[PDB]
Amino acid sequence: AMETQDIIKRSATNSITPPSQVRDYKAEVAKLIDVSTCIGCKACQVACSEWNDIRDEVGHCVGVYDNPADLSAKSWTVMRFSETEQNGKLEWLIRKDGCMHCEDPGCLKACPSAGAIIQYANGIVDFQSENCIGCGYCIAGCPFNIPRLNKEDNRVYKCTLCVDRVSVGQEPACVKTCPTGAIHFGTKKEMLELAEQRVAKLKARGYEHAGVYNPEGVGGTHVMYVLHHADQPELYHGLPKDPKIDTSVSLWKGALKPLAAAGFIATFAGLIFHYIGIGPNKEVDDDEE
Amino acid sequence: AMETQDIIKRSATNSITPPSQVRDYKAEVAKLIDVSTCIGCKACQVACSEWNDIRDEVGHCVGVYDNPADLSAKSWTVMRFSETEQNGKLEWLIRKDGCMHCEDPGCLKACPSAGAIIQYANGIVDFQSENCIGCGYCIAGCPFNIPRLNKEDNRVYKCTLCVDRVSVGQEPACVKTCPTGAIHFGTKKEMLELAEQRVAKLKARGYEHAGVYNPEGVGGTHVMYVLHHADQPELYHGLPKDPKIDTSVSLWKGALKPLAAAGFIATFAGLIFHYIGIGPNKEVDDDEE
Amino acid sequence: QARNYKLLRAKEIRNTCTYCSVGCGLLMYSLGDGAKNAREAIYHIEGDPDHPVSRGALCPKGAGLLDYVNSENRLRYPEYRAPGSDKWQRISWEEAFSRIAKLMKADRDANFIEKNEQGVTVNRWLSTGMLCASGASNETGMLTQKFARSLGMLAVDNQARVXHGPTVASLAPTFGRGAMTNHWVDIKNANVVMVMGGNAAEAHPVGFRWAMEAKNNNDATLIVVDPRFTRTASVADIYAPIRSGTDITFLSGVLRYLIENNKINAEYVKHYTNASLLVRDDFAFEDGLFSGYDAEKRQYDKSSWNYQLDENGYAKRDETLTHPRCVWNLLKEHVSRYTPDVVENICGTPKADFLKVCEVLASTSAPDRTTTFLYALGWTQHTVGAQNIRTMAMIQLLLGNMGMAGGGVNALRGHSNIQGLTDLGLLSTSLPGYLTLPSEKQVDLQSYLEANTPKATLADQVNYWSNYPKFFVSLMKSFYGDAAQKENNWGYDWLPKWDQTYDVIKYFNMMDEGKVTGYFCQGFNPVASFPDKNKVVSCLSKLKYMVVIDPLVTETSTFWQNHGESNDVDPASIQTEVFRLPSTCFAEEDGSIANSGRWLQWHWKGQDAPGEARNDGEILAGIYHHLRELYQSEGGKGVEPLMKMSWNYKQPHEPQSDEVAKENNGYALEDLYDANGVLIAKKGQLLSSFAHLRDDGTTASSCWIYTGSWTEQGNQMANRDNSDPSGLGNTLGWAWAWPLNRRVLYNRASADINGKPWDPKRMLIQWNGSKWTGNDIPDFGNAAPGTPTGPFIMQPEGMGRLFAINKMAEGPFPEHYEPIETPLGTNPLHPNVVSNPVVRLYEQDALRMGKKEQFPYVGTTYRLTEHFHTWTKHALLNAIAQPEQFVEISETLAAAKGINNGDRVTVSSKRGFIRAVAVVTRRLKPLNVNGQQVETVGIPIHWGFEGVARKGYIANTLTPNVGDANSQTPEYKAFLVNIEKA
Amino acid sequence: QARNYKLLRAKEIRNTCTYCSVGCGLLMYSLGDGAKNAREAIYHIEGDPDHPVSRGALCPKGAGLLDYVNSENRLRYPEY
Ligand SMILES: Nc1nc2c(c(=O)[nH]1)N[C@H]1C(S)=C(S)[C@@H](COP(=O)(O)OP(=O)(O)OC[C@H]3O[C@@H](n4cnc5c(=O)[nH]c(N)nc54)[C@H](O)[C@@H]3O)O[C@H]1N2
Ligand SMILES: Nc1nc2c(c(=O)[nH]1)N[C@H]1C(S)=C(S)[C@@H](COP(=O)(O)OP(=O)(O)OC[C@H]3O[C@@H](n4cnc5c(=O)[nH]c(N)nc54)[C@H](O)[C@@H]3O)O[C@H]1N2
Ligand code: SF4
Ligand code: SF4
Ligand code: SF4
Ligand code: SF4
Ligand code: SF4
Ligand code: SF4
Ligand code: SF4
Ligand code: SF4
Ligand code: SF4
Ligand code: SF4
Ligand SMILES: [Mo+6]
């Protein structure tokens, strides 16, 4: 582990023993999904599974185009479809879903196994499966409900941002395949610029609330969206408005630990100093004199 | 370890905590050695050592062409020669020997060190040397007598199926080098087809017992042979007829473990419940009343 | 760290997607470096970033190719199904070849027709027919053409018959050629993109990127007009609904709106169209019928549908456009009935929506603004399919958008190589290069040439089809070589002569009557794709023998096997002998295929085929050489025509793609000299242009429009220069387009009569004082600006036809007629003439038509982006993306029937039924039409009884067996059904 | 995972076996990209798959060329 020496965050690792990260002078990368150019073709689902050597099961049709119906250990990205008349006319809002590669990942923060989840200097958050114990804490820590357990090996999997292509200079498989160029990839700095140009053209077409989805609650994401209705992200099949790491998770993984530590140390001191100070409680301390 | 996330079997790992194997949708590969086209040139021995950066010692001639005389830590494949008149005329049967990359490897089953021996989704069985402890149990577990210990580092080595070439899309070194095309390589499914075509031509030439050697006892192998006399594999310098994992090894690595576990748990319960039930056996339990 | 990059040492091979006609480039990766001891195996496929059209992108079909190449259902060995058997038996290639050749010879010797009842030599064989593979290469196509025709076959069709037949039937008469006029990347120049009659975001997704580029970066307006709110509507600026089968009313309404508001490019219309020509006084139209109608034959006498002739024999003209008989004034009168209220009443399209579309289209009548139309089957698959297209074409001529960058008619082709098989003539009465087989009335060469060589109908025109005899004699030199000479009329009598067209519906009507003995299905699955599946399976069951050639298990190959409700047949009652021969797929051979933009692209082999699969040309050659050897030793009927066909390949059992590609390009058979005595080509050399083809036996070419594709400079179909010097997205160095690398047809119209560009930011061609030059190759000769030479060079009058003279079966102007099964049971424009009056409807099919009292809803069939026909359900990746059959219905209809979203339903028509999951959505909504509420039930066509997706029912179990009046293309897009809870 | 592929960034040079007259094609790999400061050193040799006669194959003599090129008995200086 740590061969790349650019590991900026590592699950379940004390803050005074940080992971190897001397080679951290690298630009942050990012995927930009412009849902206003998406045609819901599912090419990205296909390219992702082909590249990653995974195949989900042949499922069922239950009344919608969406399929598979959810992310899974064998489906790292899925198209989510929404039909709505909330904005005054019929609209078909289609959004690619999958890991957001958060700057401050909740999966990593909730994980109790050292090295199971890491964050590279370029922004990719990836699972190091040799260390995963199958507890599922990351599923609850994630604000986006991303991690999925594989029943065949008790480990969680998700979109890796094609770390195996990006690490050697190539863009991810779904980015390259996208028919309409709804998906773009590059440095984060230039994807934020493309995002702002696209927002400007959407406003010029009448979408006064177009915007970039790059949530500040998680420190910004390396997978960002351009949304026609950025004031109403929940219209896009439940994308969270102002996501953040849950307060209960923050307190559980944060202050509870040192507090418990102090209790335990203090308790041990007290009991030890108590036994020594007062001495045993035997049947007769009195016929000892 | 587990970076490739396609590890289908791993030595000394409990069956309820399987190794990472989500990326298992990959075709099985296989080497096919057609001994009827082999000219005993030893190119494969040379190409294997050149590619793998290993050199055995300069040995001796003891009356046969065979050399080195056996597989070793520095010789991962060796040509074995047999002169016979068992089929009615003089025949020189020459066979390339080395790991068979069994579907159900006995080395892996006998190994007591976690992760020392692994099986990839494509069929390659490989040694992960950081975990090897030099016990040699794999030498006895192997039905083909393949593993060899290196006296300079106390670890076992054998043919890796050129996992370092195959993993990136190239055929193994001995396969490419073979002068006459006796050695073929591809997916297992297409090597079984080539095997059956070659058998058909050998039968047409008079070898009524030609056949493919892909032993069902070990679940089939990823290194297979086309033999002129498939009814008499022992003619080819002792290739085993109907190999399987030895019965003693199966029982030692199988049922003995849980049985011992039950004994130990049961024994501990018994002794603990016995001490508590009856109480100590002191000099006088009687003047206690 | 991360797993290593899995392709670092793989063999990388260039190829082209095998599914639709966008032609996306691929980069395929094989395990093995090419050494002889490693058997290559493709294990990953992604896009080629340098391809100009796809730029690395691949839709879910191309991205999932690996699962098709390596499908569990790939065919491995020749298999045979014996009469009344319920199982396949594996046989050898030599047994398949010898059994098929014996069956063929016996049938040909029994039924070959050497002479017709009038004494003419016709050398035709009608009891065995063939379906050809539009997903296979152009070199396979030419071998199939030679095989079929040398045996005398006339029942020879490819998918064009059920697809873009209507386009060719309407675009050729209107502009001179039947192909898509522009090209994919050029759509980015548009100012208005219209997706009507097509669903390009689902049917041509990577090509549609250019429409998104025009919308997003050129500020274009994207409009979708369709009965359904589709994935293309998702991204559209404007969506307007339309009832299936009513496009001609909507489009005729647009013509009336343009004329009435003078939203036309008046100078373009006056010079480049036939607006000013005068029509005969006896031409007329009244109450649904044009002049010349013969009610008993249900055909028109077209004598009056023609121009008045002057003293020199040319069409008479009135440049002022005031004469009552000019085309312009008759067009105005014809479309005056199509007001916005009539559009709303018949189409169901709200007047406000119809107005928005009319206004946006009208804004492109300016010289520097263009509309481009993107369409396919939503317009062709009707009994008025050809007329749908005529109306749109007329709109583009009024707006002045033909010949412009960002304009034209983008008739998006289907299969990867349907454009090449149409170009090679694998259609009943066709020959390669848009040439035609002789009819049985043309008793000699001279008659034949005169019928096919048009005389100019205006002076000073290019009229390029005047060169017909050079193409024909060159074709005969390619086919017969030294056996074709002046003395025997270049072998003229060896070609089969037709008494009629043997289209698929007709030939299945003959099969049902016991007139067909055998059939070949090469890469065509008629059990899934032909209308009225239950009748199809019944007709096939009467065959004595069937030969299927394909890389995959198809429903057609197992038509005799019981699959429950999906295929409820009794194997013991079907006596057909079936041969299933395993072929290669796109990735296992080199060759070329022609995309929708007319680009001939070369591709290379990445692995051998699985098992004992062989290449299509090797399968045809096995059968053919066994057959011709039987004739050599036993004699038989029609011996000469069969034995004179050439098969001049270095290995006759394995013809190579480059040998056939070079024959299609063509060769100089003697040294050739220009009129000044300058050598233009040496004997033995490949020709560099069809301009050098001669009618005297000194040149050969098996496809004249392909001359230039592979010259003395090399394979131009392998050119990989993506340079675009103008910025207009024209890449003349990538692959090679026909004709003569012209990427934008009719490009002389991109400038006005003086040679000045209509839009100076989009110059395609310009006059330099002695020749035309520019950003595209000029689709024109050297006529200087100001001369009378029209820009439509294949037309005898050099103009775009607003009035189609005598070329269309049902009229020189389009007219609304309702589908055969209509939800109204009448036609509100003229209740005396409900449906097309020239439609051919066999009596047996008329009995299988339903009426609205029993089947009240409009049924329409179409595609989903994730699957290609019934082919991609054999690929696991695509089966995961859309696993189970569904049908789409509105919230209103579901509420009426008590169907909840996702419930099972039964969809039926007068011919059969299917069961499926119901997708209930506001994307389908009832329309108000002629006082009724009309509902549509949507039926995707991807599921069936073979494959890895969930088993389903062939959608064609519901569709009617009737087609367009011109090409007989089935009316799959508008029929009547009923739905019940299931 | 497996050791990385050892020739990924080596200089690849075409040559022909030096022993018998079959003339098998070779693909020789040198440490150094050709830059003037790196003194190339051949460290692996295998067959050229595109050669029509050998198609990638090499007998034990051609497959062992590396040990002849780098033999301990290579001559280094003029001796008398
Ligand atoms: N995804 C995918 N791609 C395809 C194919 C495929 O199988 N899958 N097949 C290829 C083939 S062979 C072809 S020819 C093309 C065709 O491609 P298209 O013709 O675009 O595709 P379809 O979905 O058949 O039909 C288009 C639209 O017609 C609408 N429609 C129905 N009836 C009418 C009507 O009468 N008028 C109007 N205006 N619209 C109507 C349907 O709702 C549908 O949205 O696709 C090619 N590309
Ligand atoms: N109801 C309804 N019916 C339709 C239509 C519709 O919209 N509605 N659309 C119609 C149209 S436009 C068409 S094009 C059809 C198509 O319908 P078909 O063309 O019959 O259907 P596919 O499933 O595309 O069949 C193609 C075959 O080619 C095989 N093929 C692949 N490559 C090769 C090769 O190299 N050689 C050989 N020999 N085989 C090869 C594939 O395995 C597949 O079996 O459907 C038509 N039918
Ligand atoms: S590949 Fe692109 S256009 Fe297609 S569904 Fe995914 S994000 Fe959308
Ligand atoms: S499931 Fe794995 S990665 Fe998730 S929190 Fe647990 S050990 Fe960490
Ligand atoms: S979206 Fe979830 S799984 Fe992905 S980085 Fe953020 S917290 Fe982790
Ligand atoms: S970035 Fe890679 S891993 Fe992620 S969805 Fe795209 S193809 Fe899948
Ligand atoms: S390289 Fe080939 S022919 Fe030579 S000894 Fe080895 S298997 Fe036999
Ligand atoms: S010698 Fe190594 S690999 Fe073999 S059994 Fe022992 S620890 Fe396992
Ligand atoms: S032959 Fe032996 S060393 Fe090789 S996989 Fe099989 S058991 Fe293991
Ligand atoms: S497959 Fe590789 S490791 Fe095995 S004998 Fe051949 S060269 Fe040696
Ligand atoms: S199906 Fe069409 S659009 Fe999709 S990848 Fe293939 S050629 Fe391109
Ligand atoms: S590799 Fe062997 S056969 Fe080839 S030239 Fe060298 S010595 Fe001869
Ligand atoms: Mo089609």
# chains A, B, ... in the order shown; residues from 1 in each chain; ligands from 1
call {"tool": "select_by_dssp", "arguments": {"residues": "region 127-277 of chain B", "states": "strand (DSSP E)", "output": "PyMOL selection string"}}
result
chain B and resi 127+148-150+155-157+183-187+211-213+223-227
call {"tool": "residues_around", "arguments": {"residues": "residue 8 (chain D)", "least_positions_apart": "4", "cutoff": "9 Å", "atoms": "only C-alpha atoms", "output": "compact mmCIF listing (two decimals) with N, CA, C and O atoms, in the first residue's frame"}}
result
# COMPACT_ATOMS: atom_id res chain seq x y z
N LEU C 8 -2.01 -2.80 -21.78
CA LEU C 8 -0.71 -2.22 -22.10
C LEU C 8 0.02 -2.97 -23.19
O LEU C 8 0.80 -2.37 -23.95
N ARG C 9 -0.17 -4.26 -23.28
CA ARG C 9 0.61 -5.05 -24.25
C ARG C 9 -0.37 -5.85 -25.10
O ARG C 9 -0.01 -6.87 -25.65
N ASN D 4 5.21 -5.57 -12.57
CA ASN D 4 4.91 -4.81 -13.77
C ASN D 4 5.63 -5.40 -14.99
O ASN D 4 6.67 -6.07 -14.87
call {"tool": "residues_near_ligand", "arguments": {"ligand": "ligand 10", "cutoff": "9 Å", "atoms": "only C-alpha atoms and all ligand atoms", "output": "PyMOL selection string"}}
result
chain B and resi 31+44-52+75-78+96-99+158-165+171-177+223
call {"tool": "closest_atom_pairs", "arguments": {"of": "chain C", "to": "chain B", "cutoff": "8 Å", "atoms": "only C-alpha atoms", "output": "JSON lines"}}
result
{"residue": "C:1", "atom": "CA", "partner": "B:3", "partner_atom": "CA", "distance": 7.0}
{"residue": "C:2", "atom": "CA", "partner": "B:3", "partner_atom": "CA", "distance": 6.1}
{"residue": "C:3", "atom": "CA", "partner": "B:4", "partner_atom": "CA", "distance": 5.1}
{"residue": "C:4", "atom": "CA", "partner": "B:168", "partner_atom": "CA", "distance": 7.8}
{"residue": "C:5", "atom": "CA", "partner": "B:168", "partner_atom": "CA", "distance": 7.0}
{"residue": "C:6", "atom": "CA", "partner": "B:168", "partner_atom": "CA", "distance": 4.7}
{"residue": "C:7", "atom": "CA", "partner": "B:168", "partner_atom": "CA", "distance": 5.3}
{"residue": "C:8", "atom": "CA", "partner": "B:168", "partner_atom": "CA", "distance": 5.3}
{"residue": "C:9", "atom": "CA", "partner": "B:169", "partner_atom": "CA", "distance": 5.1}
{"residue": "C:10", "atom": "CA", "partner": "B:169", "partner_atom": "CA", "distance": 4.2}
{"residue": "C:11", "atom": "CA", "partner": "B:169", "partner_atom": "CA", "distance": 7.5}
{"residue": "C:30", "atom": "CA", "partner": "B:169", "partner_atom": "CA", "distance": 6.8}
{"residue": "C:31", "atom": "CA", "partner": "B:169", "partner_atom": "CA", "distance": 4.4}
{"residue": "C:32", "atom": "CA", "partner": "B:170", "partner_atom": "CA", "distance": 4.7}
{"residue": "C:33", "atom": "CA", "partner": "B:170", "partner_atom": "CA", "distance": 5.9}
{"residue": "C:35", "atom": "CA", "partner": "B:176", "partner_atom": "CA", "distance": 6.3}
{"residue": "C:36", "atom": "CA", "partner": "B:181", "partner_atom": "CA", "distance": 7.5}
{"residue": "C:37", "atom": "CA", "partner": "B:184", "partner_atom": "CA", "distance": 5.0}
{"residue": "C:38", "atom": "CA", "partner": "B:185", "partner_atom": "CA", "distance": 4.9}
{"residue": "C:39", "atom": "CA", "partner": "B:186", "partner_atom": "CA", "distance": 5.1}
{"residue": "C:40", "atom": "CA", "partner": "B:186", "partner_atom": "CA", "distance": 6.6}
{"residue": "C:41", "atom": "CA", "partner": "B:186", "partner_atom": "CA", "distance": 6.7}
{"residue": "C:610", "atom": "CA", "partner": "B:190", "partner_atom": "CA", "distance": 7.2}
{"residue": "C:611", "atom": "CA", "partner": "B:193", "partner_atom": "CA", "distance": 6.7}
call {"tool": "write_last_selection", "arguments": {"atoms": "N, CA and C atoms", "output": "compact mmCIF listing (two decimals), in the first residue's frame"}}
result
# COMPACT_ATOMS: atom_id res chain seq x y z
N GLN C 1 -1.48 0.37 -4.64
CA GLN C 1 -1.99 1.18 -5.79
C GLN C 1 -3.01 0.47 -6.69
N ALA C 2 -3.62 1.20 -7.61
CA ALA C 2 -4.58 0.71 -8.59
C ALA C 2 -4.14 -0.51 -9.39
N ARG C 3 -5.13 -1.26 -9.89
CA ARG C 3 -4.73 -2.39 -10.74
C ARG C 3 -4.00 -1.81 -11.98
N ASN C 4 -3.07 -2.60 -12.53
CA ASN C 4 -2.38 -2.13 -13.72
C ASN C 4 -3.35 -1.94 -14.89
N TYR C 5 -2.95 -1.08 -15.85
CA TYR C 5 -3.76 -0.85 -17.05
C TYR C 5 -3.80 -2.14 -17.89
N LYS C 6 -4.98 -2.73 -18.08
CA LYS C 6 -5.13 -4.03 -18.69
C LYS C 6 -4.89 -4.21 -20.18
N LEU C 7 -4.68 -3.16 -20.94
CA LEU C 7 -4.41 -3.25 -22.36
C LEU C 7 -2.95 -2.91 -22.69
N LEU C 8 -2.01 -2.80 -21.78
CA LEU C 8 -0.71 -2.22 -22.10
C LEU C 8 0.02 -2.97 -23.19
N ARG C 9 -0.17 -4.26 -23.28
CA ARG C 9 0.61 -5.05 -24.25
C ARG C 9 -0.37 -5.85 -25.10
N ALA C 10 -1.59 -5.37 -25.28
CA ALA C 10 -2.55 -6.02 -26.19
C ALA C 10 -2.38 -5.58 -27.63
N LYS C 11 -2.87 -6.33 -28.57
CA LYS C 11 -2.86 -5.95 -29.99
C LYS C 11 -4.04 -5.02 -30.23
N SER C 30 -6.94 -7.21 -28.45
CA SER C 30 -6.83 -8.65 -28.40
C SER C 30 -5.66 -9.21 -27.60
N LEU C 31 -5.92 -10.32 -26.89
CA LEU C 31 -4.93 -10.98 -26.05
C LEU C 31 -4.07 -11.73 -27.06
N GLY C 32 -2.81 -11.37 -27.14
CA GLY C 32 -1.89 -12.02 -28.09
C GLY C 32 -1.25 -10.94 -28.93
N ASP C 33 0.04 -11.01 -29.23
CA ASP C 33 0.67 -9.96 -30.03
C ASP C 33 0.65 -10.28 -31.52
N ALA C 35 1.64 -13.19 -32.85
CA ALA C 35 2.52 -14.33 -33.10
C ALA C 35 1.65 -15.51 -33.55
N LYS C 36 2.18 -16.43 -34.36
CA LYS C 36 1.41 -17.54 -34.86
C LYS C 36 0.96 -18.48 -33.78
N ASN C 37 1.64 -18.62 -32.69
CA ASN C 37 1.24 -19.58 -31.65
C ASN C 37 0.17 -19.02 -30.73
N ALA C 38 -0.15 -17.75 -30.73
CA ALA C 38 -1.16 -17.21 -29.81
C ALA C 38 -2.41 -17.00 -30.65
N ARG C 39 -3.52 -17.60 -30.25
CA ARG C 39 -4.78 -17.37 -30.99
C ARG C 39 -5.48 -16.13 -30.43
N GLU C 40 -5.45 -15.02 -31.15
CA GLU C 40 -5.98 -13.77 -30.69
C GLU C 40 -7.40 -13.91 -30.14
N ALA C 41 -7.71 -13.12 -29.09
CA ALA C 41 -9.07 -13.15 -28.55
C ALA C 41 -9.39 -11.73 -28.14
N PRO C 610 -15.12 -17.98 -33.86
CA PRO C 610 -15.11 -19.09 -32.93
C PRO C 610 -15.44 -20.39 -33.62
N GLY C 611 -15.05 -21.52 -33.03
CA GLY C 611 -15.39 -22.82 -33.60
C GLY C 611 -14.97 -23.01 -35.03
call {"tool": "residues_near_ligand", "arguments": {"ligand": "ligand 8", "cutoff": "10 Å", "atoms": "only C-alpha atoms and all ligand atoms", "output": "MDAnalysis selection string"}}
result
chainID B and resid 11:12 106:118 126:142 147:150 154:157
call {"tool": "residues_near_ligand", "arguments": {"ligand": "ligand 13", "cutoff": "6 Å", "atoms": "only C-alpha atoms and all ligand atoms", "output": "ChimeraX atom specification"}}
result
/C:163,414-415
call {"tool": "residues_around", "arguments": {"residues": "residue 16 (chain D)", "least_positions_apart": "2", "cutoff": "12 Å", "atoms": "only C-alpha atoms", "output": "list in words"}}
result
residues 13, 14, 18, 19, 20, 21, 22, 23, 24, 25, 26, 27, 28, 45, 46, 47, 48, 51, 53, 54, 56, 58, 62, 63 and 65 of chain D
call {"tool": "atom_distance", "arguments": {"atom1": "CA of residue 41 (chain D)", "atom2": "atom 6 (Fe, counted along the ligand's line) of ligand 7"}}
result
28.1 Å
call {"tool": "residues_around", "arguments": {"residues": "residue 33 (chain D)", "least_positions_apart": "2", "cutoff": "7 Å", "atoms": "only C-alpha atoms", "output": "PyMOL selection string"}}
result
chain D and resi 10-11+31+35
call {"tool": "write_last_selection", "arguments": {"atoms": "C-alpha atoms", "output": "JSON list (two decimals), in the first residue's frame"}}
result
[["chain", "number", "residue", "atom", "x", "y", "z"],
["D", 10, "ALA", "CA", 12.36, 0.21, -23.24],
["D", 11, "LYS", "CA", 13.76, 1.02, -26.70],
["D", 31, "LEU", "CA", 17.47, 0.12, -21.17],
["D", 35, "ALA", "CA", 18.92, 9.98, -25.32]]
call {"tool": "select_by_dssp", "arguments": {"residues": "region 66-277 of chain A", "states": "helix (DSSP H, G or I)", "output": "ChimeraX atom specification"}}
result
/A:106-110,129-131,137-141,163-166,173-177,188-204,216-218,233-235,247-253,256-277
